[PDB]
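Have a look at target-v8.txt; it's compact mmCIF, C-alpha atoms and all ligand atoms:
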# COMPACT_ATOMS: atom_id res chain seq x y z
CA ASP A 33 106.14 68.18 124.88
CA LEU A 34 106.95 71.95 124.79
CA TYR A 35 110.23 72.70 123.06
CA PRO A 36 112.61 75.05 124.99
CA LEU A 37 112.70 78.63 123.66
CA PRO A 38 114.27 80.66 122.23
CA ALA A 39 115.00 78.29 119.33
CA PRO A 40 115.18 78.13 115.53
CA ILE A 41 111.77 77.49 113.94
CA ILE A 42 113.08 74.27 112.37
CA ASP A 43 114.02 72.92 115.81
CA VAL A 44 110.58 73.71 117.33
CA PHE A 45 108.75 72.29 114.29
CA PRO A 46 111.04 69.53 112.90
CA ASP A 47 109.33 68.95 109.56
CA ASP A 48 110.15 70.80 106.35
CA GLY A 49 106.59 71.65 105.35
CA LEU A 50 105.38 72.51 108.82
CA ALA A 51 108.40 74.73 109.47
CA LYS A 52 107.92 76.53 106.15
CA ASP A 53 104.27 77.23 106.98
CA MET A 54 105.16 78.28 110.53
CA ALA A 55 107.80 80.72 109.26
CA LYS A 56 105.13 82.26 107.03
CA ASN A 57 102.66 82.45 109.98
CA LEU A 58 105.41 84.13 112.08
CA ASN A 59 106.48 86.44 109.23
CA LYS A 60 110.06 85.16 109.43
CA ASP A 61 112.07 84.89 106.22
CA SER A 62 113.78 81.61 107.18
CA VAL A 63 113.02 78.38 109.01
CA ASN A 64 116.44 78.91 110.62
CA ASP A 65 115.25 82.10 112.31
CA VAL A 66 115.16 82.05 116.12
CA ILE A 67 111.77 82.57 117.76
CA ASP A 68 110.71 83.15 121.35
CA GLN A 69 107.43 82.90 123.25
CA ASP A 70 106.56 86.54 122.40
CA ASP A 71 106.70 85.63 118.69
CA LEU A 72 104.19 82.80 119.28
CA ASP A 73 101.97 85.04 121.43
CA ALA A 74 101.66 87.51 118.54
CA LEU A 75 99.81 84.83 116.48
CA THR A 76 96.02 84.93 116.41
CA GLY A 77 95.64 82.54 113.45
CA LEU A 78 97.51 79.71 111.82
CA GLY A 79 97.39 78.97 108.09
CA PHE A 80 98.69 75.80 106.41
CA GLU A 81 99.34 75.30 102.72
CA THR A 82 102.30 72.91 102.20
CA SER A 83 100.95 69.56 101.04
CA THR A 84 103.78 67.42 102.43
CA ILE A 85 102.44 67.95 105.97
CA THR A 86 100.97 64.67 107.32
CA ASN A 87 98.95 63.72 110.38
CA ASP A 88 102.21 63.00 112.17
CA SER A 89 103.91 66.25 111.30
CA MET A 90 100.82 68.35 112.12
CA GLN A 91 100.98 66.80 115.61
CA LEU A 92 104.32 68.64 116.11
CA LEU A 93 102.23 71.76 116.81
CA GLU A 94 101.95 70.41 120.38
CA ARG A 95 105.63 71.45 120.81
CA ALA A 96 104.62 75.14 120.98
CA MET A 97 102.08 77.03 123.08
CA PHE A 98 99.62 79.14 121.06
CA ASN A 99 98.03 81.30 123.73
CA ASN A 100 96.15 83.64 121.37
CA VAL A 101 95.36 81.56 118.28
CA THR A 102 91.63 81.41 117.57
CA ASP A 103 91.63 80.23 113.91
CA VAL A 104 93.20 77.34 112.02
CA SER A 105 92.85 77.36 108.24
CA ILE A 106 94.19 74.52 106.08
CA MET A 107 94.09 75.99 102.58
CA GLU A 108 95.98 73.28 100.74
CA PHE A 109 96.80 69.77 101.92
CA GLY A 110 97.95 66.42 100.65
CA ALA A 111 96.61 62.89 100.86
CA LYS A 112 98.55 62.08 104.04
CA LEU A 113 96.85 64.82 106.08
CA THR A 114 93.49 63.29 106.97
CA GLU A 115 92.87 64.87 110.39
CA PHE A 116 93.68 68.03 112.32
CA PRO A 117 94.90 66.67 115.66
CA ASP A 118 93.29 67.22 119.08
CA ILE A 119 96.33 68.85 120.75
CA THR A 120 96.52 70.76 124.02
CA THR A 121 98.38 73.89 122.85
CA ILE A 122 95.59 75.83 121.05
CA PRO A 123 93.22 76.21 124.01
CA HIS A 124 91.28 79.15 122.54
CA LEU A 125 90.64 77.70 119.10
CA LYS A 126 87.26 78.95 117.76
CA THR A 127 87.29 78.14 114.08
CA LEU A 128 88.67 75.17 112.13
CA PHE A 129 88.61 75.38 108.33
CA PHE A 130 89.70 72.88 105.69
CA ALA A 131 89.44 74.17 102.13
CA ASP A 132 87.38 72.51 99.41
CA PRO A 133 90.21 71.41 97.09
CA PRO A 134 90.02 71.45 93.31
CA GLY A 135 88.19 68.54 91.76
CA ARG A 136 85.53 66.41 93.33
CA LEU A 137 86.09 64.55 96.61
CA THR A 138 89.83 64.27 96.01
CA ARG A 139 90.76 64.29 99.74
CA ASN A 140 89.58 62.28 102.76
CA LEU A 141 89.18 63.73 106.27
CA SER A 142 88.07 62.41 109.66
CA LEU A 143 86.34 64.51 112.33
CA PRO A 144 87.56 63.66 115.84
CA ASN A 145 85.39 64.07 118.91
CA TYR A 146 87.63 67.00 119.89
CA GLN A 147 88.19 67.48 123.60
CA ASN A 148 90.86 70.21 123.73
CA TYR A 149 88.97 72.96 121.84
CA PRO A 150 86.08 73.76 124.21
CA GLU A 151 85.59 77.20 122.65
CA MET A 152 85.04 75.86 119.12
CA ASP A 153 82.36 77.89 117.30
CA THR A 154 82.59 76.85 113.63
CA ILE A 155 83.91 73.80 111.76
CA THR A 156 84.10 73.69 107.92
CA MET A 157 85.20 70.57 106.02
CA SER A 158 83.00 70.77 102.91
CA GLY A 159 84.19 69.03 99.71
CA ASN A 160 86.23 66.35 101.45
CA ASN A 161 85.18 62.73 101.78
CA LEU A 162 84.39 62.02 105.44
CA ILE A 163 86.22 59.02 106.94
CA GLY A 164 83.81 57.28 109.32
CA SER A 165 80.94 59.07 111.07
CA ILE A 166 80.27 62.51 112.45
CA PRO A 167 80.76 62.11 116.24
CA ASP A 168 78.01 62.89 118.74
CA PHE A 169 80.28 65.68 120.02
CA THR A 170 80.92 65.74 123.77
CA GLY A 171 83.67 68.41 124.04
CA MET A 172 82.41 71.44 122.08
CA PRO A 173 79.54 72.90 124.04
CA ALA A 174 79.70 76.25 122.25
CA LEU A 175 79.52 74.91 118.67
CA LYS A 176 77.29 77.16 116.50
CA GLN A 177 78.03 76.34 112.85
CA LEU A 178 78.81 73.10 111.09
CA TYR A 179 79.60 73.12 107.33
CA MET A 180 79.76 69.54 106.01
CA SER A 181 78.60 69.79 102.39
CA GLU A 182 79.78 67.26 99.73
CA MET A 183 81.39 64.70 101.99
CA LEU A 184 79.60 61.46 101.01
CA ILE A 185 77.70 61.45 104.30
CA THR A 186 74.98 58.76 104.64
CA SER A 187 72.25 58.71 107.31
CA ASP A 188 74.03 56.06 109.41
CA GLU A 189 76.90 58.59 109.85
CA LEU A 190 74.77 61.47 111.22
CA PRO A 191 73.78 61.39 114.90
CA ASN A 192 70.85 63.09 116.60
CA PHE A 193 73.27 65.51 118.28
CA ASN A 194 72.93 65.54 122.07
CA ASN A 195 75.47 68.04 123.37
CA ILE A 196 75.67 71.03 121.00
CA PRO A 197 72.69 73.09 122.24
CA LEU A 198 73.83 76.33 120.63
CA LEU A 199 73.93 75.08 117.04
CA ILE A 200 72.46 77.67 114.62
CA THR A 201 73.65 76.51 111.14
CA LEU A 202 73.93 72.99 109.76
CA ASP A 203 74.93 72.57 106.09
CA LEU A 204 74.66 68.91 104.96
CA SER A 205 74.00 69.69 101.29
CA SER A 206 75.34 67.47 98.50
CA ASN A 207 75.49 64.26 100.54
CA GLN A 208 73.73 60.87 100.35
CA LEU A 209 71.23 61.25 103.20
CA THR A 210 68.13 59.08 102.81
CA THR A 211 66.67 60.14 106.17
CA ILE A 212 67.29 63.11 108.49
CA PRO A 213 66.98 62.82 112.28
CA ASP A 214 64.00 64.29 114.14
CA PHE A 215 66.58 66.48 115.90
CA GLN A 216 65.90 66.50 119.63
CA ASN A 217 68.46 68.86 121.15
CA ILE A 218 69.33 71.64 118.71
CA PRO A 219 66.38 74.01 119.32
CA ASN A 220 68.34 77.11 118.29
CA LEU A 221 68.85 75.75 114.77
CA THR A 222 67.87 78.48 112.25
CA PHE A 223 69.38 77.25 108.94
CA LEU A 224 69.23 73.63 107.74
CA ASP A 225 70.59 73.03 104.21
CA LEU A 226 69.79 69.54 102.85
CA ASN A 227 69.78 70.30 99.13
CA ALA A 228 71.08 67.56 96.78
CA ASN A 229 70.52 64.58 99.08
CA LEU A 230 68.39 61.41 98.64
CA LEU A 231 65.61 62.25 101.05
CA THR A 232 62.14 60.80 100.52
CA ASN A 233 60.52 62.70 103.44
CA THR A 234 61.48 64.33 106.72
CA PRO A 235 60.10 63.98 110.21
CA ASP A 236 57.42 66.46 111.32
CA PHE A 237 60.16 68.11 113.30
CA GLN A 238 59.43 68.01 116.95
CA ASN A 239 61.88 70.64 118.30
CA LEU A 240 63.00 73.23 115.73
CA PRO A 241 61.05 76.30 116.93
CA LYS A 242 63.61 78.77 115.52
CA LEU A 243 64.16 77.23 112.08
CA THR A 244 63.70 79.91 109.39
CA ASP A 245 65.31 78.34 106.30
CA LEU A 246 64.94 74.69 105.26
CA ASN A 247 66.42 73.79 101.86
CA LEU A 248 65.23 70.47 100.39
CA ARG A 249 65.93 71.27 96.73
CA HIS A 250 66.97 68.32 94.58
CA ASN A 251 65.91 65.43 96.83
CA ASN A 252 63.59 62.47 96.14
CA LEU A 253 60.41 63.83 97.81
CA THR A 254 57.67 61.99 95.94
CA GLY A 255 53.91 62.42 95.81
CA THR A 256 53.18 64.00 99.19
CA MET A 257 55.46 64.92 102.10
CA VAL A 258 54.99 65.66 105.75
CA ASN A 259 52.73 68.68 106.41
CA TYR A 260 54.77 70.46 109.09
CA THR A 261 52.84 71.27 112.24
CA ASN A 262 55.51 72.95 114.44
CA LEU A 263 57.85 75.18 112.42
CA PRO A 264 56.54 78.58 113.63
CA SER A 265 59.62 80.51 112.55
CA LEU A 266 59.71 79.06 109.02
CA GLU A 267 60.23 81.67 106.27
CA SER A 268 61.62 79.64 103.35
CA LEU A 269 61.09 75.99 102.44
CA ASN A 270 62.82 75.15 99.16
CA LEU A 271 61.17 72.15 97.45
CA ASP A 272 62.46 72.87 93.93
CA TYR A 273 63.35 69.87 91.78
CA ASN A 274 61.45 67.20 93.72
CA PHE A 275 58.58 64.88 92.64
CA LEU A 276 55.63 66.16 94.62
CA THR A 277 52.05 66.13 93.28
CA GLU A 278 50.82 68.25 96.23
CA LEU A 279 52.61 70.77 98.47
CA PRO A 280 52.29 70.83 102.28
CA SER A 281 49.40 73.13 102.98
CA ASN A 282 50.44 74.31 106.46
CA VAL A 283 53.55 76.04 105.13
CA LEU A 284 52.50 76.90 101.57
CA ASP A 285 53.31 80.59 102.12
CA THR A 286 57.01 79.73 102.67
CA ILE A 287 57.57 77.51 99.64
CA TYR A 288 59.95 77.98 96.74
CA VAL A 289 59.05 75.76 93.74
CA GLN A 290 59.51 76.68 90.10
CA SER A 291 60.37 73.23 88.67
CA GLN A 292 58.94 69.85 89.66
CA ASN A 293 58.32 66.48 88.09
CA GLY A 294 56.01 63.63 88.95
CA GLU A 295 54.12 60.51 88.04
CA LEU A 296 50.33 60.25 88.12
CA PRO A 297 48.20 57.09 88.31
CA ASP A 298 47.77 54.70 85.39
CA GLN A 299 44.42 55.01 83.62
CA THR A 300 42.39 52.75 81.34
CA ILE A 301 39.86 54.47 79.05
CA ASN A 302 37.78 53.59 76.01
CA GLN A 303 38.57 54.77 72.51
CA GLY A 304 36.88 58.17 72.04
CA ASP A 305 37.22 59.21 75.69
CA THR A 306 39.15 62.18 77.00
CA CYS A 307 41.41 61.77 80.04
CA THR A 308 41.12 63.78 83.26
CA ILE A 309 43.70 64.07 86.05
CA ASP A 310 44.01 65.46 89.55
CA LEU A 311 47.04 67.73 90.06
CA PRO A 312 46.84 69.45 93.41
CA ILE A 313 50.21 71.20 93.07
CA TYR A 314 49.07 73.06 89.94
CA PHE A 315 46.07 74.53 91.75
CA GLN A 316 48.15 75.46 94.80
CA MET A 317 50.80 77.18 92.67
CA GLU A 318 48.18 78.97 90.59
CA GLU A 319 46.16 80.24 93.53
CA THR A 320 49.18 81.47 95.52
CA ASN A 321 50.64 83.34 92.51
CA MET A 322 53.72 81.17 92.11
CA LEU A 323 53.43 80.85 88.34
CA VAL A 324 55.63 82.79 85.90
CA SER A 325 53.47 81.82 82.88
CA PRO A 326 49.79 80.74 82.71
CA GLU A 327 49.67 78.07 80.00
CA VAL A 328 48.98 74.42 80.77
CA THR A 329 49.94 72.01 77.94
CA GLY A 330 49.42 68.32 77.24
CA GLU A 331 51.07 65.88 74.88
CA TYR A 332 51.65 62.21 74.18
CA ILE A 333 55.05 60.69 73.56
CA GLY A 334 55.53 58.05 70.92
CA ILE A 335 57.98 58.05 67.99
CA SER A 336 57.37 61.83 68.01
CA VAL A 337 55.86 64.10 70.66
CA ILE A 338 52.37 65.26 69.69
CA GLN A 339 50.51 68.07 71.46
CA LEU A 340 46.94 67.49 72.69
CA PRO A 341 44.21 70.03 73.54
CA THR A 342 44.24 70.52 77.28
CA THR A 343 41.74 72.36 79.51
CA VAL A 344 41.82 73.36 83.16
CA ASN A 345 38.58 72.70 85.07
CA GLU A 346 38.80 75.31 87.85
CA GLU A 347 35.61 74.37 89.74
CA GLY A 348 36.50 70.71 90.28
CA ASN A 349 40.28 71.30 90.29
CA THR A 350 41.06 68.85 87.48
CA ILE A 351 42.78 69.01 84.09
CA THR A 352 41.45 67.29 80.95
CA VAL A 353 43.59 66.15 78.01
CA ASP A 354 41.70 65.49 74.82
CA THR A 355 42.70 61.91 73.94
CA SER A 356 39.42 61.28 72.07
CA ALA A 357 40.98 60.92 68.58
CA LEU A 358 43.64 58.34 69.62
CA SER A 359 43.32 54.73 68.50
CA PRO A 360 43.53 51.77 70.92
CA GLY A 361 46.96 51.14 72.43
CA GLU A 362 49.31 52.10 75.24
CA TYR A 363 50.30 55.77 75.59
CA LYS A 364 52.67 57.95 77.64
CA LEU A 365 50.94 61.27 78.51
CA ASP A 366 52.48 64.48 79.90
CA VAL A 367 50.91 67.63 81.32
CA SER A 368 53.28 70.54 81.80
CA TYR A 369 52.86 74.03 83.22
CA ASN A 370 54.94 76.96 84.53
CA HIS A 371 57.06 76.78 81.42
CA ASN A 372 59.99 79.19 81.72
CA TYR A 373 61.74 79.10 78.40
CA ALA A 374 64.24 81.74 79.48
CA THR A 375 65.46 79.71 82.49
CA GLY A 376 64.65 76.10 81.45
CA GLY A 377 62.17 75.68 84.33
CA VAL A 378 59.00 73.60 84.02
CA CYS A 379 56.54 71.58 86.10
CA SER A 380 55.88 68.30 84.24
CA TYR A 381 53.77 65.26 85.15
CA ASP A 382 53.65 61.96 83.31
CA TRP A 383 51.29 58.96 83.32
CA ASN A 384 50.45 55.89 81.30
CA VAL A 385 47.12 55.40 79.57
CA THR A 386 45.67 52.19 78.12
CA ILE A 387 43.04 52.92 75.44
CA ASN A 388 40.73 50.00 74.67
CA CA B 1 117.44 85.59 109.39
CA CA B 2 100.37 76.80 97.09
CA CA B 3 94.52 86.00 124.87
CA CA B 4 86.30 70.07 95.48
CA CA B 5 80.40 58.20 104.17
CA CA B 6 68.66 63.44 122.86
CA CA B 7 39.59 75.91 91.83
CA CA B 8 57.44 64.86 81.52
CL CL B 9 111.00 82.67 125.26

In structure tokens, write the structure found in this file.
Amino acid sequence: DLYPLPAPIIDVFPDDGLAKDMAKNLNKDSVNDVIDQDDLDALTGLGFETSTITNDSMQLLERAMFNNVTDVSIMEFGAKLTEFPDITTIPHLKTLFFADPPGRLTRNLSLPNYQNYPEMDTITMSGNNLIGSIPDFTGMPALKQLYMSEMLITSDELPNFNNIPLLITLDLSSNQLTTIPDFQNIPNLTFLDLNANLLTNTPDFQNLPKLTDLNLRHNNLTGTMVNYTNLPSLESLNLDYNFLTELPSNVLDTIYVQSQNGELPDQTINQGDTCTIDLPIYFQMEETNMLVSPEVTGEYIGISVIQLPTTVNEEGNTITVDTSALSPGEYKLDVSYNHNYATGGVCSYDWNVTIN
């Protein structure tokens, strides 16, 4: 497929948009300018920005040998470019980058099981809707970083990667994952970003001995979660904006939580009774100095919100809301703590009470 050189750029790359971008990469003023192999050899990166390039025209890159190119960056692209091709003329490619275009999920991209880029180190496709699944890569043994945030990835599209043993960073934030694999073969993984997914738990990871940062902010973790037994390198576990009533005790010293919500059990009491709750997370946060303010408040929510006297029982680790003056009926109660009026943060727990 290699076009004979020397030749005009437009003859080597017979597509208006591709030729324009190649002239810019080659620092030639015109697509009519004649290039030779030395001009190609001077390139160490290729940038693309003309949105008329399509899958078919990008394939024309196989007509030229790029002996020294290690980076491909696609900064702007149209709807007819949905894949960077697996061509044989960029043998030393190390980084592949697609920009996150303006707007939300406006472009679609597929991720081939690339075979001709054995030196690939980093792939970034964040912000683009993934077409199909992420392949269980077989041709990129040196892959170290994978940025795949905001791509509408579901758990059926994410394999338990078998052949990328050097992976260090995996960013899957802002997707629709309901489960995450108990990753078997990425033991060098140090950073796992899962914020803004739909997770309800994770496995008690069996082989992540080097993981230092695990971000689970804004998921659906509810009540209790797995109490990790084998994350010896863990430094930060972000559980902010979940629905836990208790934090995992084995890793409590790594946790970031300032806001949290939750539901406590229904109770039935008699008119004149107070109402006492368990709230393990409050006591954990209090005792490990995670609170920014000390007050614990209670209220009931009807036509208006009415505050109730609320006391913390530190010996028995319970909280009592004084419901003794309420008449019989059905009530929605709330206990809140860690109020941060400056930031909008709060930890707030709701439950229903029947008073007979
Ligand atoms: Ca000229
Ligand atoms: Ca532009
Ligand atoms: Ca070289
Ligand atoms: Ca975007
Ligand atoms: Ca999908
Ligand atoms: Ca395996
Ligand atoms: Ca106590
Ligand atoms: Ca509430
Ligand atoms: Cl030549």

| message | Around ligand CA 8 (chain B), out to 7 Å and counting all atoms listed in the file, which residues are there? I want them as a ChimeraX atom specification. | response | /A:293,366,380-382

Kindly compile the residues surrounding ligand CA 4 (chain B) within 8 Å, counting only C-alpha atoms and all ligand atoms, and format them as a count of residues only.
9

Neighbours of region 88-99 of chain A within 9 Å (all atoms listed in the file; same-chain residues fewer than 5 positions away dropped), as a PyMOL selection string? chain A and resi 33-36+44-47+49-50+69+72-76+112-113+115-124

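Distance annotation: of A:291, A:298, A:172, A:38, the residue with the minimal separation from residue 375 (chain A) is A:291; atom set is only C-alpha atoms.
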
Residues at most 12 Å from residue 261 (chain A), counting only C-alpha atoms, excluding those fewer than 3 positions away in the same chain, as a short mmCIF file (atom, residue, chain, number, x, y, z; two decimals) with C-alpha atoms, keeping the file's coordinate frame?
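The resulting out.cif:
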data_model
loop_
_atom_site.label_atom_id
_atom_site.label_comp_id
_atom_site.auth_asym_id
_atom_site.auth_seq_id
_atom_site.Cartn_x
_atom_site.Cartn_y
_atom_site.Cartn_z
CA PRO A 235 60.10 63.98 110.21
CA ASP A 236 57.42 66.46 111.32
CA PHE A 237 60.16 68.11 113.30
CA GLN A 238 59.43 68.01 116.95
CA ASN A 239 61.88 70.64 118.30
CA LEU A 240 63.00 73.23 115.73
CA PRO A 241 61.05 76.30 116.93
CA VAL A 258 54.99 65.66 105.75
CA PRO A 264 56.54 78.58 113.63
CA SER A 265 59.62 80.51 112.55
CA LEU A 266 59.71 79.06 109.02
CA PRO A 280 52.29 70.83 102.28
CA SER A 281 49.40 73.13 102.98
CA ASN A 282 50.44 74.31 106.46
CA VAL A 283 53.55 76.04 105.13
#

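Take CA of residue 110 (chain A) and CA of residue 65 (chain A): the distance between them is 26.1 Å.
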
Set out as a tab-separated table a contact list for region 110-168 of chain A and region 179-186 of chain A with a cut-off of 12 Å, giving each residue of region 110-168 of chain A that qualifies its closest atom pair and distance in Å to one decimal, counting all atoms listed in the file, ordered by chain and rising residue number.
residue	atom	partner	partner_atom	distance
A:127	CA	A:179	CA	11.4
A:128	CA	A:179	CA	10.5
A:129	CA	A:179	CA	9.3
A:130	CA	A:179	CA	10.2
A:131	CA	A:179	CA	11.2
A:132	CA	A:182	CA	9.2
A:133	CA	A:182	CA	11.5
A:135	CA	A:182	CA	11.7
A:136	CA	A:182	CA	8.6
A:137	CA	A:183	CA	7.1
A:138	CA	A:183	CA	10.4
A:139	CA	A:183	CA	9.6
A:140	CA	A:183	CA	8.6
A:141	CA	A:183	CA	8.9
A:142	CA	A:183	CA	10.4
A:143	CA	A:180	CA	10.4
A:153	CA	A:179	CA	11.4
A:154	CA	A:179	CA	7.9
A:155	CA	A:179	CA	6.2
A:156	CA	A:179	CA	4.6
A:157	CA	A:180	CA	5.5
A:158	CA	A:181	CA	4.5
A:159	CA	A:182	CA	4.8
A:160	CA	A:183	CA	5.1
A:161	CA	A:183	CA	4.3
A:162	CA	A:183	CA	5.3
A:163	CA	A:183	CA	8.9
A:164	CA	A:185	CA	8.9
A:165	CA	A:185	CA	7.9
A:166	CA	A:185	CA	8.6

The residue from A:70, A:263, A:188, A:271 with the smallest atom-to-atom distance to ligand CA 5 (chain B), counting all atoms listed in the file, is A:188

Nearby residues, ligand CA 6 (chain B), 12 Å, all atoms listed in the file, as a ChimeraX atom specification
/A:168,191-197,213-219,238-239

Check your understanding: Can you tell me, as an MDAnalysis selection string, what residues are no more than 9 Å from residue 54 (chain A) when counting all atoms listed in the file, ignoring any on the same chain fewer than 6 positions away?
Key -> chainID A and resid 41 45 60 63 78:80

Completed region 185-201 of chain A (N, CA and C atoms) as a compact mmCIF listing (two decimals), keeping the file's coordinate frame:
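The resulting file, part.txt, is reproduced below:
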# COMPACT_ATOMS: atom_id res chain seq x y z
N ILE A 185 78.29 61.82 103.04
CA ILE A 185 77.70 61.45 104.30
C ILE A 185 76.37 60.72 104.05
N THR A 186 76.23 59.54 104.66
CA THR A 186 74.98 58.76 104.64
C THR A 186 74.30 58.89 106.01
N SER A 187 73.04 58.49 106.08
CA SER A 187 72.25 58.71 107.31
C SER A 187 72.77 57.94 108.54
N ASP A 188 73.44 56.82 108.31
CA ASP A 188 74.03 56.06 109.41
C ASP A 188 75.25 56.78 110.04
N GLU A 189 75.72 57.85 109.40
CA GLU A 189 76.90 58.59 109.85
C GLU A 189 76.56 59.90 110.53
N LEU A 190 75.26 60.19 110.69
CA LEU A 190 74.77 61.47 111.22
C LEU A 190 73.96 61.27 112.50
N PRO A 191 74.52 61.60 113.65
CA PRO A 191 73.78 61.39 114.90
C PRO A 191 72.74 62.46 115.20
N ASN A 192 71.84 62.15 116.12
CA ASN A 192 70.85 63.09 116.60
C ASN A 192 71.53 63.83 117.75
N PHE A 193 72.30 64.85 117.36
CA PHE A 193 73.27 65.51 118.28
C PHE A 193 72.74 65.84 119.67
N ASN A 194 73.40 65.32 120.71
CA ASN A 194 72.93 65.54 122.07
C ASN A 194 73.52 66.69 122.85
N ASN A 195 74.70 67.15 122.48
CA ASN A 195 75.47 68.04 123.37
C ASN A 195 75.99 69.31 122.72
N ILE A 196 75.33 69.76 121.66
CA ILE A 196 75.67 71.03 121.00
C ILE A 196 74.43 71.94 120.95
N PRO A 197 73.96 72.37 122.15
CA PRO A 197 72.69 73.09 122.24
C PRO A 197 72.64 74.44 121.57
N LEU A 198 73.80 75.01 121.25
CA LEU A 198 73.83 76.33 120.63
C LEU A 198 73.88 76.30 119.11
N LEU A 199 73.78 75.13 118.50
CA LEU A 199 73.93 75.08 117.04
C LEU A 199 72.88 75.93 116.31
N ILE A 200 73.34 76.77 115.39
CA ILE A 200 72.46 77.67 114.62
C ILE A 200 72.41 77.27 113.13
N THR A 201 73.54 76.80 112.57
CA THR A 201 73.65 76.51 111.14
C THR A 201 74.18 75.12 110.93
